[PDB]
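The next block is upload-v1.cif, given as mmCIF, C-alpha atoms and all ligand atoms.
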```cif
data_protein
loop_
_atom_site.label_atom_id
_atom_site.label_comp_id
_atom_site.auth_asym_id
_atom_site.auth_seq_id
_atom_site.Cartn_x
_atom_site.Cartn_y
_atom_site.Cartn_z
CA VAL H 1 63.32 39.82 -17.16
CA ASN H 2 63.06 43.54 -17.94
CA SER H 3 64.71 45.00 -14.83
CA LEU H 4 68.06 45.18 -13.05
CA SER H 5 68.13 45.97 -9.34
CA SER H 6 71.08 47.53 -7.55
CA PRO H 7 73.73 46.51 -6.76
CA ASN H 8 73.56 43.81 -9.43
CA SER H 9 75.09 43.73 -12.90
CA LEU H 10 73.98 42.81 -16.42
CA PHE H 11 76.95 40.85 -17.75
CA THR H 12 78.31 40.54 -21.29
CA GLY H 13 75.86 39.22 -23.86
CA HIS H 14 72.95 39.51 -21.46
CA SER H 15 69.94 41.77 -21.75
CA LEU H 16 66.62 42.99 -20.43
CA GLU H 17 63.61 42.26 -22.61
CA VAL H 18 59.98 43.28 -23.01
CA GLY H 19 58.37 41.13 -25.68
CA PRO H 20 58.09 40.98 -28.47
CA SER H 21 60.43 43.63 -29.89
CA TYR H 22 62.34 45.44 -27.12
CA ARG H 23 65.85 44.32 -26.19
CA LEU H 24 68.33 46.26 -24.05
CA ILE H 25 71.66 44.45 -24.27
CA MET H 26 75.10 44.78 -22.67
CA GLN H 27 77.04 43.79 -25.80
CA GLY H 28 80.31 41.93 -26.10
CA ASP H 29 81.83 44.94 -27.85
CA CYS H 30 81.02 47.00 -24.75
CA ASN H 31 78.11 48.97 -26.19
CA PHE H 32 74.86 49.21 -24.16
CA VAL H 33 72.10 49.26 -26.78
CA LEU H 34 68.31 49.31 -26.93
CA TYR H 35 66.95 47.50 -29.98
CA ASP H 36 63.41 47.79 -31.30
CA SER H 37 62.76 44.95 -33.75
CA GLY H 38 66.46 44.80 -34.56
CA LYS H 39 66.93 48.54 -34.99
CA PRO H 40 68.97 50.47 -32.41
CA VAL H 41 66.94 53.34 -30.97
CA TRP H 42 69.19 54.24 -28.02
CA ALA H 43 72.71 53.40 -26.86
CA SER H 44 75.54 54.43 -24.56
CA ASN H 45 77.64 54.65 -27.74
CA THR H 46 80.56 52.81 -26.17
CA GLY H 47 81.00 50.04 -28.72
CA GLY H 48 84.61 49.15 -29.47
CA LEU H 49 85.82 50.90 -26.32
CA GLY H 50 86.37 47.55 -24.62
CA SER H 51 85.32 43.92 -24.22
CA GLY H 52 83.99 41.63 -21.48
CA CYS H 53 82.11 44.67 -20.23
CA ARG H 54 79.29 44.71 -17.69
CA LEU H 55 76.54 47.16 -16.74
CA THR H 56 76.10 47.89 -13.02
CA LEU H 57 73.42 49.81 -11.12
CA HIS H 58 74.72 51.00 -7.74
CA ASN H 59 72.88 51.26 -4.43
CA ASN H 60 73.17 55.04 -4.72
CA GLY H 61 71.52 55.25 -8.14
CA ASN H 62 74.59 55.56 -10.36
CA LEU H 63 74.53 53.41 -13.51
CA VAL H 64 77.95 52.41 -14.86
CA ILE H 65 79.59 50.30 -17.56
CA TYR H 66 82.88 48.64 -16.60
CA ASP H 67 85.31 47.17 -19.10
CA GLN H 68 87.27 43.94 -18.73
CA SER H 69 89.97 45.87 -16.85
CA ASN H 70 87.24 46.85 -14.39
CA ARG H 71 87.47 50.54 -15.31
CA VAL H 72 84.57 52.92 -15.91
CA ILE H 73 83.93 53.62 -19.59
CA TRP H 74 80.46 55.18 -19.20
CA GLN H 75 78.15 56.35 -16.40
CA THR H 76 74.99 58.37 -15.72
CA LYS H 77 76.66 60.21 -12.83
CA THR H 78 73.48 59.96 -10.78
CA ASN H 79 74.95 59.70 -7.29
CA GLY H 80 72.20 60.05 -4.71
CA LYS H 81 71.10 58.72 -1.35
CA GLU H 82 72.45 55.32 -0.32
CA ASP H 83 69.62 52.78 -0.51
CA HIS H 84 68.44 50.59 -3.41
CA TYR H 85 67.42 51.34 -6.98
CA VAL H 86 66.19 49.62 -10.12
CA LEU H 87 66.80 49.99 -13.86
CA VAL H 88 63.79 49.17 -16.01
CA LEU H 89 63.12 48.61 -19.72
CA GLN H 90 59.44 49.55 -19.92
CA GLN H 91 56.69 48.39 -22.25
CA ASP H 92 56.42 52.02 -23.35
CA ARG H 93 60.03 51.52 -24.52
CA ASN H 94 61.54 54.02 -22.09
CA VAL H 95 64.52 52.85 -20.00
CA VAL H 96 64.38 54.28 -16.49
CA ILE H 97 66.23 54.28 -13.18
CA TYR H 98 63.88 54.56 -10.18
CA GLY H 99 64.67 54.95 -6.51
CA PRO H 100 64.97 54.97 -3.60
CA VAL H 101 62.77 52.29 -2.02
CA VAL H 102 59.21 53.40 -1.30
CA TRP H 103 57.75 50.08 -0.15
CA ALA H 104 58.61 46.37 -0.15
CA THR H 105 56.79 43.11 0.64
CA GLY H 106 59.89 41.68 2.24
CA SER H 107 59.27 38.41 0.40
CA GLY H 108 62.93 38.48 -0.61
CA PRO H 109 65.87 38.11 -0.82
CA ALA H 110 65.00 34.42 -0.75
CA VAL D 1 57.29 41.27 -17.85
CA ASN D 2 58.20 41.63 -14.17
CA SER D 3 57.37 45.31 -13.61
CA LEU D 4 54.44 47.72 -13.54
CA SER D 5 55.09 51.42 -14.05
CA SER D 6 52.83 54.17 -12.76
CA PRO D 7 50.17 55.15 -13.57
CA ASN D 8 49.37 51.81 -15.21
CA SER D 9 47.36 48.88 -13.89
CA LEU D 10 47.71 45.10 -13.73
CA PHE D 11 44.24 43.88 -14.66
CA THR D 12 42.33 40.79 -13.55
CA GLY D 13 44.04 37.49 -14.29
CA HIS D 14 47.28 39.20 -15.26
CA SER D 15 50.61 38.98 -13.50
CA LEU D 16 54.27 39.89 -13.31
CA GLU D 17 56.70 37.01 -13.70
CA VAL D 18 60.37 36.19 -13.16
CA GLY D 19 61.07 32.72 -14.50
CA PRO D 20 60.90 30.02 -13.74
CA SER D 21 58.98 29.99 -10.46
CA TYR D 22 57.92 33.51 -9.41
CA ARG D 23 54.43 34.77 -10.25
CA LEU D 24 52.76 37.87 -8.79
CA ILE D 25 49.13 37.81 -9.91
CA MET D 26 46.12 40.12 -9.62
CA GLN D 27 43.57 37.31 -9.21
CA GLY D 28 39.97 37.15 -10.35
CA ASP D 29 38.87 36.75 -6.73
CA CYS D 30 40.55 40.09 -5.98
CA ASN D 31 43.56 38.74 -4.10
CA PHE D 32 47.05 40.03 -5.04
CA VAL D 33 49.34 37.02 -4.53
CA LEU D 34 52.99 36.11 -4.99
CA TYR D 35 53.47 32.44 -5.85
CA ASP D 36 56.76 30.56 -5.67
CA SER D 37 56.43 27.29 -7.58
CA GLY D 38 52.70 27.27 -6.90
CA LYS D 39 52.96 28.09 -3.20
CA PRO D 40 51.77 31.50 -1.97
CA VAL D 41 54.56 33.29 -0.09
CA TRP D 42 53.00 36.77 0.09
CA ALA D 43 49.60 38.33 -0.56
CA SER D 44 47.42 41.37 0.04
CA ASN D 45 44.96 38.92 1.63
CA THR D 46 41.99 40.43 -0.17
CA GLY D 47 40.61 37.32 -1.82
CA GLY D 48 36.82 37.10 -1.86
CA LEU D 49 36.49 40.81 -1.12
CA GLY D 50 35.51 41.49 -4.72
CA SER D 51 35.83 40.54 -8.38
CA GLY D 52 37.04 42.13 -11.63
CA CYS D 53 39.68 43.82 -9.50
CA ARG D 54 42.79 45.60 -10.75
CA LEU D 55 46.10 46.65 -9.20
CA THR D 56 47.23 50.24 -9.83
CA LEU D 57 50.51 52.03 -9.09
CA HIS D 58 50.00 55.80 -8.92
CA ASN D 59 52.33 58.57 -10.07
CA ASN D 60 52.80 59.52 -6.41
CA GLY D 61 53.92 56.05 -5.31
CA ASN D 62 50.69 54.72 -3.82
CA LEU D 63 49.83 51.13 -4.76
CA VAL D 64 46.12 50.29 -4.73
CA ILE D 65 43.68 47.48 -5.54
CA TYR D 66 40.30 48.56 -6.92
CA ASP D 67 37.28 46.29 -7.08
CA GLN D 68 34.76 46.07 -9.92
CA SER D 69 32.83 48.96 -8.35
CA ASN D 70 36.04 50.97 -8.68
CA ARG D 71 36.46 51.28 -4.91
CA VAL D 72 39.67 50.84 -2.92
CA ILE D 73 39.88 47.50 -1.13
CA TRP D 74 43.62 47.61 -0.32
CA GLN D 75 46.52 50.08 -0.52
CA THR D 76 50.09 50.67 0.66
CA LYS D 77 49.29 54.27 1.64
CA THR D 78 52.62 55.43 0.25
CA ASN D 79 51.66 58.90 -0.95
CA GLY D 80 54.78 60.83 -1.90
CA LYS D 81 56.07 63.33 -4.43
CA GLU D 82 54.20 63.55 -7.74
CA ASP D 83 56.38 62.01 -10.46
CA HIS D 84 56.63 58.40 -11.70
CA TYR D 85 57.24 55.09 -9.95
CA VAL D 86 57.61 51.39 -10.67
CA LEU D 87 56.54 48.16 -8.98
CA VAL D 88 58.95 45.27 -9.47
CA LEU D 89 58.93 41.52 -8.85
CA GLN D 90 62.65 40.85 -8.44
CA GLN D 91 64.72 37.76 -9.15
CA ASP D 92 65.58 37.77 -5.45
CA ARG D 93 61.81 37.29 -4.99
CA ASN D 94 61.24 40.62 -3.25
CA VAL D 95 58.43 42.84 -4.60
CA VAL D 96 59.38 46.50 -4.47
CA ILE D 97 58.09 49.97 -5.30
CA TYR D 98 60.86 52.35 -6.41
CA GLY D 99 60.73 56.05 -7.16
CA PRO D 100 60.88 58.82 -8.08
CA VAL D 101 62.67 59.02 -11.42
CA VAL D 102 66.45 59.28 -11.16
CA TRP D 103 67.35 59.04 -14.86
CA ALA D 104 65.74 58.10 -18.18
CA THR D 105 66.93 57.46 -21.74
CA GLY D 106 63.88 59.17 -23.16
CA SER D 107 63.52 56.34 -25.67
CA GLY D 108 59.85 56.18 -24.72
CA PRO D 109 56.90 56.48 -24.55
CA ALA D 110 56.98 55.25 -28.14
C1 LIG A 1 67.43 45.03 1.68
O1 LIG A 1 67.57 44.83 0.26
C2 LIG A 1 66.43 44.07 -0.23
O2 LIG A 1 65.17 44.80 0.02
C3 LIG A 1 65.14 46.09 -0.66
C4 LIG A 1 63.81 46.79 -0.35
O3 LIG A 1 63.67 46.97 1.06
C5 LIG A 1 65.27 45.90 -2.18
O4 LIG A 1 65.26 47.16 -2.84
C6 LIG A 1 66.59 45.17 -2.48
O5 LIG A 1 66.71 44.96 -3.89
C7 LIG A 1 66.58 43.81 -1.75
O6 LIG A 1 65.45 43.04 -2.22
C1 LIG A 2 57.21 61.24 -18.72
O1 LIG A 2 56.82 59.88 -18.42
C2 LIG A 2 57.69 58.96 -19.13
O2 LIG A 2 59.09 59.15 -18.72
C3 LIG A 2 59.29 58.90 -17.29
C4 LIG A 2 60.77 59.12 -16.95
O3 LIG A 2 61.16 60.46 -17.27
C5 LIG A 2 58.90 57.45 -16.95
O4 LIG A 2 59.08 57.23 -15.55
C6 LIG A 2 57.43 57.23 -17.32
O5 LIG A 2 57.05 55.88 -17.03
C7 LIG A 2 57.27 57.49 -18.83
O6 LIG A 2 58.12 56.59 -19.56
#
```
Is it possible to give me this structure as structure tokens?
Amino acid sequence: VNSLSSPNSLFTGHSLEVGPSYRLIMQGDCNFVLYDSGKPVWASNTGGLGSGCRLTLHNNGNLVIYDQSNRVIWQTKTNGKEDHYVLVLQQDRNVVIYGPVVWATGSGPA
Amino acid sequence: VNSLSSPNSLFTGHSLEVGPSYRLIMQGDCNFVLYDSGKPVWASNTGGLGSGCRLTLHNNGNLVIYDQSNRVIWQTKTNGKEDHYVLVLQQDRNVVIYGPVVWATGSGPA
């Protein structure tokens, strides 16, 4: 999967991927990093500032990283209209937050 | 991949997928269908109305299906602000168009 939809989280050790070389991972050392063939090309730069961290996209558009103590250690501070948003690792290698909802099939949640 | 970002297209025979059972495919018979373990649960219902069709998400949020003659055979008619949007097949099985851009890492296009 290469997307994370609000209000869900990307937990420790998990990542979004766009084959065959792009990997955006919420690391165990709390750093949120984008790797391109093993080389980091973007990151929140929060490694070592915690452990058991998780990345969460909120229904208002704000993207945050919580540590094990459930405290905010990093955020985009993009607080907008209450609705639903999505975080996407694109094939063009850009990582983007889009929202609010423009249209939906209604085939989910299911 | 489970997303399509404007202004790109999902060409004939190609699809978005969220393992292990969700498949949203732009079919060769021009139908845009969402399959759940082989069973269609949502579709544009445009099968047989063309061939060599492609699905395109526009930078204004409008989602369209063009036939081989490059004519519109189906669309969401969601014309909004000029920017960038994304179409996503979610793990909750919903298919959603989100936009405009809220935040970006700027790690792409690259
Ligand atoms: C109501 O919430 C559901 O539907 C909206 C679109 O209407 C999606 O954005 C969201 O992720 C869920 O699938
Ligand atoms: C300028 O276009 C690029 O950046 C925007 C976000 O700023 C993305 O939405 C788009 O798909 C491209 O990656």
(request) Select all residues near (52.1, 29.5, -6.1) (cut-off 12 Å, inclusive, file coordinates), counting all atoms listed in the file, and output them as a list in words. (result)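 The requested residues, written out, are residues 17, 20, 21, 22, 23, 24, 25, 27, 32, 33, 34, 35, 36, 37, 38, 39, 40, 41, 42 and 43 of chain D.
Interatomic distance, CA of residue 31 (chain H) against CA of residue 4 (chain H): 17.0 Å.
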(message) Under the rule that all atoms listed in the file are counted, which of D:105, D:12, D:90, D:78 is the nearest residue to residue 51 (chain D)?
(response)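 Distance minimum relative to residue 51 (chain D) lands on D:12.
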(message) If we count only C-alpha atoms and set the cut-off at 9 Å, which residues sit around residue 73 (chain H), ignoring sequence neighbours fewer than 6 positions away in its own chain? Please answer as a ChimeraX atom specification.
(response) /H:30,46,49-50,64-67
Would you write out those residues with C-alpha atoms, as a PDB file, in the frame of the given file?
```pdb
ATOM      1  CA  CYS H  30      81.020  47.000 -24.750  1.00  0.00           C
ATOM      2  CA  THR H  46      80.560  52.810 -26.170  1.00  0.00           C
ATOM      3  CA  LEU H  49      85.820  50.900 -26.320  1.00  0.00           C
ATOM      4  CA  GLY H  50      86.370  47.550 -24.620  1.00  0.00           C
ATOM      5  CA  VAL H  64      77.950  52.410 -14.860  1.00  0.00           C
ATOM      6  CA  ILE H  65      79.590  50.300 -17.560  1.00  0.00           C
ATOM      7  CA  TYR H  66      82.880  48.640 -16.600  1.00  0.00           C
ATOM      8  CA  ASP H  67      85.310  47.170 -19.100  1.00  0.00           C
TER       9      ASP H  67
END
```
If you take all atoms listed in the file and a cut-off of 7 Å, which residues of chain D touch ligand LIG 2 (chain A), and what are their nearest atom pairs and distances in Å to one decimal, in chain and number order, as JSON lines?
```
{"residue": "D:5", "atom": "CA", "partner": "A:LIG2", "partner_atom": "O5", "distance": 5.7}
{"residue": "D:6", "atom": "CA", "partner": "A:LIG2", "partner_atom": "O5", "distance": 6.2}
{"residue": "D:84", "atom": "CA", "partner": "A:LIG2", "partner_atom": "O4", "distance": 4.7}
{"residue": "D:85", "atom": "CA", "partner": "A:LIG2", "partner_atom": "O4", "distance": 6.3}
{"residue": "D:101", "atom": "CA", "partner": "A:LIG2", "partner_atom": "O4", "distance": 5.8}
{"residue": "D:103", "atom": "CA", "partner": "A:LIG2", "partner_atom": "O3", "distance": 6.8}
{"residue": "D:104", "atom": "CA", "partner": "A:LIG2", "partner_atom": "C4", "distance": 5.2}
{"residue": "D:106", "atom": "CA", "partner": "A:LIG2", "partner_atom": "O2", "distance": 6.5}
{"residue": "D:108", "atom": "CA", "partner": "A:LIG2", "partner_atom": "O6", "distance": 5.5}
{"residue": "D:109", "atom": "CA", "partner": "A:LIG2", "partner_atom": "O6", "distance": 5.1}
```
(request) Give the answer as one residue: which of D:107, D:8, D:91, D:70 has the shortest atom-to-atom distance to ligand LIG 1 (chain A), using all atoms listed in the file? (result)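 Residue with the minimum atom-to-atom distance to ligand LIG 1 (chain A): D:91.
Remark: residues at most 8 Å from position (59.6, 53.6, -5.8) in file coordinates are residues 98, 99, 100, 101, 102 and 103 of chain H; 61, 85, 86, 87, 96, 97, 98, 99 and 100 of chain D, using all atoms listed in the file.
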Deliver the residues from the most recent selection as a file, using C-alpha atoms, as a PDB file, in the coordinates of the input.
```pdb
ATOM      1  CA  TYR H  98      63.880  54.560 -10.180  1.00  0.00           C
ATOM      2  CA  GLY H  99      64.670  54.950  -6.510  1.00  0.00           C
ATOM      3  CA  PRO H 100      64.970  54.970  -3.600  1.00  0.00           C
ATOM      4  CA  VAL H 101      62.770  52.290  -2.020  1.00  0.00           C
ATOM      5  CA  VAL H 102      59.210  53.400  -1.300  1.00  0.00           C
ATOM      6  CA  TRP H 103      57.750  50.080  -0.150  1.00  0.00           C
TER       7      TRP H 103
ATOM      8  CA  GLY D  61      53.920  56.050  -5.310  1.00  0.00           C
ATOM      9  CA  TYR D  85      57.240  55.090  -9.950  1.00  0.00           C
ATOM     10  CA  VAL D  86      57.610  51.390 -10.670  1.00  0.00           C
ATOM     11  CA  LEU D  87      56.540  48.160  -8.980  1.00  0.00           C
ATOM     12  CA  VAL D  96      59.380  46.500  -4.470  1.00  0.00           C
ATOM     13  CA  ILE D  97      58.090  49.970  -5.300  1.00  0.00           C
ATOM     14  CA  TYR D  98      60.860  52.350  -6.410  1.00  0.00           C
ATOM     15  CA  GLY D  99      60.730  56.050  -7.160  1.00  0.00           C
ATOM     16  CA  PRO D 100      60.880  58.820  -8.080  1.00  0.00           C
TER      17      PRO D 100
END
```
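When all atoms listed in the file are used to compute distances to residue 75 (chain D), the closest of the residues D:1, D:63, D:110, D:57 turns out to be D:63.
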(request) Record the distance separating CA of residue 81 (chain H) and CA of residue 58 (chain H), expressed in Å with one decimal. (result) 10.7 Å
(message) As an exercise, work out the distance from CA of residue 55 (chain H) to CA of residue 3 (chain H) in Å and give it to one decimal place.
(response)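 Computing it gives 12.2 Å between the two atoms.
When all atoms listed in the file are used to measure the gap to ligand LIG 1 (chain A), the shortest distance among H:69, H:60, H:94, H:76 belongs to H:60.
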Would you compute the box with edges along x, y and z of the file around region 63-69 of chain D, including every atom the file lists for it and 8 Å extra on each side, and give its centre and edge lengths in Å to one decimal, as JSON?
```
{"center_x": 41.3, "center_y": 48.6, "center_z": -7.3, "size_x": 33.0, "size_y": 21.1, "size_z": 21.2}
```
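When all atoms listed in the file are used to compute distances to chain H, the closest of the residues D:56, D:44, D:13, D:26 turns out to be D:44.
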(message) Could you check the closest approach to chain H for each of D:15, D:79, D:2, D:9 and tell me which residue wins, using only C-alpha atoms?
(response) D:2
N, CA, C and O atoms restored at region 42-68 of chain H, emitted as an mmCIF file, keeping the file's coordinate frame:
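part_21.cif written:
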```
data_model
loop_
_atom_site.group_PDB
_atom_site.id
_atom_site.type_symbol
_atom_site.label_atom_id
_atom_site.label_comp_id
_atom_site.auth_asym_id
_atom_site.auth_seq_id
_atom_site.Cartn_x
_atom_site.Cartn_y
_atom_site.Cartn_z
ATOM 1 N N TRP H 42 68.485 53.561 -29.109
ATOM 2 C CA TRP H 42 69.190 54.240 -28.020
ATOM 3 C C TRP H 42 70.419 53.424 -27.658
ATOM 4 O O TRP H 42 70.404 52.202 -27.755
ATOM 5 N N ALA H 43 71.484 54.097 -27.236
ATOM 6 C CA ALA H 43 72.710 53.400 -26.860
ATOM 7 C C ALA H 43 73.641 54.297 -26.067
ATOM 8 O O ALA H 43 73.536 55.523 -26.121
ATOM 9 N N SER H 44 74.558 53.678 -25.330
ATOM 10 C CA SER H 44 75.540 54.430 -24.560
ATOM 11 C C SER H 44 76.621 54.909 -25.528
ATOM 12 O O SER H 44 77.389 55.824 -25.217
ATOM 13 N N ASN H 45 76.668 54.289 -26.709
ATOM 14 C CA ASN H 45 77.640 54.650 -27.740
ATOM 15 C C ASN H 45 79.051 54.364 -27.244
ATOM 16 O O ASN H 45 79.943 55.203 -27.369
ATOM 17 N N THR H 46 79.251 53.179 -26.682
ATOM 18 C CA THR H 46 80.560 52.810 -26.170
ATOM 19 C C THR H 46 81.082 51.540 -26.833
ATOM 20 O O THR H 46 81.951 50.859 -26.292
ATOM 21 N N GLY H 47 80.548 51.223 -28.007
ATOM 22 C CA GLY H 47 81.000 50.040 -28.720
ATOM 23 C C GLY H 47 82.453 50.197 -29.142
ATOM 24 O O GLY H 47 82.882 51.293 -29.502
ATOM 25 N N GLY H 48 83.211 49.106 -29.085
ATOM 26 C CA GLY H 48 84.610 49.150 -29.470
ATOM 27 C C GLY H 48 85.547 49.707 -28.416
ATOM 28 O O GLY H 48 86.766 49.590 -28.542
ATOM 29 N N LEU H 49 84.993 50.313 -27.370
ATOM 30 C CA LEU H 49 85.820 50.900 -26.320
ATOM 31 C C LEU H 49 86.192 49.876 -25.252
ATOM 32 O O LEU H 49 86.628 50.244 -24.162
ATOM 33 N N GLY H 50 86.027 48.595 -25.569
ATOM 34 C CA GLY H 50 86.370 47.550 -24.620
ATOM 35 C C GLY H 50 85.823 46.186 -24.995
ATOM 36 O O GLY H 50 85.422 45.954 -26.136
ATOM 37 N N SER H 51 85.818 45.276 -24.025
ATOM 38 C CA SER H 51 85.320 43.920 -24.220
ATOM 39 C C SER H 51 85.127 43.274 -22.846
ATOM 40 O O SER H 51 85.771 43.678 -21.878
ATOM 41 N N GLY H 52 84.246 42.281 -22.759
ATOM 42 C CA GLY H 52 83.990 41.630 -21.480
ATOM 43 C C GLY H 52 83.423 42.643 -20.497
ATOM 44 O O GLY H 52 83.621 42.549 -19.283
ATOM 45 N N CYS H 53 82.704 43.619 -21.036
ATOM 46 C CA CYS H 53 82.110 44.670 -20.230
ATOM 47 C C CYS H 53 80.841 44.246 -19.503
ATOM 48 O O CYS H 53 80.194 43.268 -19.879
ATOM 49 N N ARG H 54 80.501 44.982 -18.450
ATOM 50 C CA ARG H 54 79.290 44.710 -17.690
ATOM 51 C C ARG H 54 78.637 46.020 -17.275
ATOM 52 O O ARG H 54 79.314 47.037 -17.109
ATOM 53 N N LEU H 55 77.316 45.989 -17.132
ATOM 54 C CA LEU H 55 76.540 47.160 -16.740
ATOM 55 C C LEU H 55 76.161 46.966 -15.267
ATOM 56 O O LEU H 55 75.654 45.915 -14.887
ATOM 57 N N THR H 56 76.396 47.983 -14.447
ATOM 58 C CA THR H 56 76.100 47.890 -13.020
ATOM 59 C C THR H 56 75.303 49.067 -12.481
ATOM 60 O O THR H 56 75.657 50.221 -12.728
ATOM 61 N N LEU H 57 74.227 48.771 -11.753
ATOM 62 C CA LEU H 57 73.420 49.810 -11.120
ATOM 63 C C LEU H 57 73.818 49.766 -9.649
ATOM 64 O O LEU H 57 73.724 48.717 -9.006
ATOM 65 N N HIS H 58 74.262 50.903 -9.125
ATOM 66 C CA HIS H 58 74.720 51.000 -7.740
ATOM 67 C C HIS H 58 73.621 51.329 -6.739
ATOM 68 O O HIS H 58 72.584 51.886 -7.104
ATOM 69 N N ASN H 59 73.858 50.992 -5.472
ATOM 70 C CA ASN H 59 72.880 51.260 -4.430
ATOM 71 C C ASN H 59 72.672 52.746 -4.153
ATOM 72 O O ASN H 59 71.903 53.112 -3.263
ATOM 73 N N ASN H 60 73.349 53.606 -4.906
ATOM 74 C CA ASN H 60 73.170 55.040 -4.720
ATOM 75 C C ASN H 60 72.514 55.647 -5.961
ATOM 76 O O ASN H 60 72.312 56.858 -6.043
ATOM 77 N N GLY H 61 72.177 54.790 -6.926
ATOM 78 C CA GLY H 61 71.520 55.250 -8.140
ATOM 79 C C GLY H 61 72.387 55.457 -9.371
ATOM 80 O O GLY H 61 71.869 55.702 -10.462
ATOM 81 N N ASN H 62 73.700 55.356 -9.220
ATOM 82 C CA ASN H 62 74.590 55.560 -10.360
ATOM 83 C C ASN H 62 74.667 54.313 -11.242
ATOM 84 O O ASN H 62 74.879 53.204 -10.749
ATOM 85 N N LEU H 63 74.469 54.505 -12.545
ATOM 86 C CA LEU H 63 74.530 53.410 -13.510
ATOM 87 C C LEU H 63 75.866 53.512 -14.249
ATOM 88 O O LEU H 63 76.193 54.549 -14.827
ATOM 89 N N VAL H 64 76.627 52.423 -14.242
ATOM 90 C CA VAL H 64 77.950 52.410 -14.860
ATOM 91 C C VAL H 64 78.249 51.199 -15.738
ATOM 92 O O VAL H 64 77.680 50.124 -15.562
ATOM 93 N N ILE H 65 79.151 51.389 -16.693
ATOM 94 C CA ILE H 65 79.590 50.300 -17.560
ATOM 95 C C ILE H 65 81.087 50.129 -17.284
ATOM 96 O O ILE H 65 81.865 51.075 -17.417
ATOM 97 N N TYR H 66 81.480 48.930 -16.875
ATOM 98 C CA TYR H 66 82.880 48.640 -16.600
ATOM 99 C C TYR H 66 83.441 47.784 -17.714
ATOM 100 O O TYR H 66 82.736 46.933 -18.255
ATOM 101 N N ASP H 67 84.703 47.996 -18.063
ATOM 102 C CA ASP H 67 85.310 47.170 -19.100
ATOM 103 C C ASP H 67 85.954 45.973 -18.422
ATOM 104 O O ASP H 67 85.863 45.808 -17.206
ATOM 105 N N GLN H 68 86.603 45.139 -19.222
ATOM 106 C CA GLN H 68 87.270 43.940 -18.730
ATOM 107 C C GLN H 68 88.320 44.280 -17.668
ATOM 108 O O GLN H 68 88.550 43.502 -16.743
#
```
